[PDB]
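In structure tokens, one chain follows: the form deposited in one PDB entry.
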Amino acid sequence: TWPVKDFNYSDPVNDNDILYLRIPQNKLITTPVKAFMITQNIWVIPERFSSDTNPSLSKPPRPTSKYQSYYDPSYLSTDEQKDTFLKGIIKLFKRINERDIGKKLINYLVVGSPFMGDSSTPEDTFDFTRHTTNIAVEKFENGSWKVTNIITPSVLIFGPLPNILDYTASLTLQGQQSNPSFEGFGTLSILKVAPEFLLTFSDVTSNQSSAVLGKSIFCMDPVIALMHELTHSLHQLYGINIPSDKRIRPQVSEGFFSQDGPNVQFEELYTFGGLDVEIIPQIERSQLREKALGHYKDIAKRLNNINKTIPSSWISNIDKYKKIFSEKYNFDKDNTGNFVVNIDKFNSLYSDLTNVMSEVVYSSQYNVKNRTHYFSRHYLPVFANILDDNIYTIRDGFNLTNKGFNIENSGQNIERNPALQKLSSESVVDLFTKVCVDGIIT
């Protein structure tokens, strides 16, 4: 168990775990932003996010996504809301450490820092001057922001996009940042989460349902929603992230009715897991393993030949980063002294990050109702105050014993729980497939 440190937004900058960070990836906020380190190399930044040129938190005229959409400029602006947001994720990170798979998940994220280099860097060099590994720390010296120090984080946990219900925000990478995440080196993850806001589903299709009560409309447990996003960080960090080029595309055609859906990427099917992984055939899934293997072998051979560094003053730290990335990828040592990829330990590692670490696996482990197949219907989303222990605890989530919520009569049910408040359909934006005829009919 990696310890989850407690924080307030009122707490001052201590030049250790609370800092001010320069994030060029966020267009919405040009200035440096206040950050907190809840655990080793996993930072929370209670701020809204946007990658678009000419960004805006306000509601657009027409829908910008195929998903169910909800906007709010008020969310995560004042310090009271940032204090709520900070405690929220801190509370969720404690709930992750309740089961064993969550302790294992966090451990991978902590130790698996991104490699100091890429395809551009030659074999004999560590590059310590890249944005995929480094983030700049800054003081406010005499009416201006000066660059003081750096950090080497694994996951940066921002607030939501303009669309608060956007779950694909974590998959957004800009090609030059992405190339490390494909080719084994990895990159620091930038998550955009909204704990209080929840997606909702029902068990109408699944016969595994309450015969006592009936078919319920339930919410995703925000720990599972967070752990879902953290599995993309896991893939981004260990350099086995499948590209956004590899995707499923929706078919819309006149003749039959269908969803004008989004593109469901291969990463999204991997991170969800279960039967829907078989949508990607084995001929493609095998190719990704063989590619990942080759990159891990070439990264081991890089560690054998390194002598210089960029910048030139980091030659003393060559043995330091040899120890960090050897433990990450879990290389062995052959009869020369060089690093080598143990194939049995690679297969064990790669299968853990793809098959074991997934949403369907978490939902069974944490004893919570959840989506059974990725294409389960999205119902009207909900809001919930997770910080109040009468609504949501660390040990059991929404399903609390004292308020008359057993596992069949789950607290996740919106009908049977008043704490799961609904968002109004006036604010919630949607696309529509318009069913018309304009005829007499019989």
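By rigid core we mean the largest C-alpha set that fits within 1.5 Å across both forms. A residue's number is simply how far along the shown sequence it sits, counting from 1.
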- Message: Mean CA temperature factor from the deposited coordinates, higher in 260 to 268 or in 300 to 308?
- Response: 300 to 308
- Note on the structure: Comparing mean C-alpha B factor in the record for 271 to 279 and 127 to 135, the higher one is 127 to 135
- Out of 351, 241, 187, 142, which one has a C-alpha B factor higher than all the others in the entry? 142
- Query: Say you rank 77, 355, 287, 97 by Cα B-factor from the PDB entry; which sits at the top?
  - Reply: 77
- Comparing against every modelled residue in the chain, figure out the third that the C-alpha B-factor of residue 319 lands in (lowest, middle or highest). highest
- residue 334 - Cα temperature factor, lowest/middle/highest third of chain: highest
- Which third of the chain does residue 431 land in by C-alpha B-factor: lowest, middle or highest? lowest
- Note on the structure: Chain-relative C-alpha B factor for residue 398 (record values, thirds): the highest
- residue 193 - which third its CA temperature factor falls in, relative to the rest of the chain: lowest
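Keep in mind the form deposited in another entry is missing from the figure; the text below concerns it.
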- Would you indicate which listed residue, out of 316, 307, 282, 253, moves its Cα by 2 Å or more between this form and the one not shown relative to the superposed core? 253
- Relative to the superposed rigid core, does the CA atom of residue 122 travel 2 Å or more between this form and the one not shown? no
- Comparing between this form and the one not shown on the rigid core: C-alpha of residue 43 shifted by 2 Å or more? no
- Message: With both forms fitted on the core, check whether the Cα of residue 393 differs by 2 Å or more between this form and the one not shown.
- Response: no
- Looking in the other form, decide if the C-alpha atoms of residue 76 and residue 262 are closer or farther than in the form shown; they differ by 3 Å or more. farther
- Query: Is the CA-CA spacing of residue 65 and residue 28 tighter or wider in the other form than here, given a 3 Å or more change?
  - Reply: farther
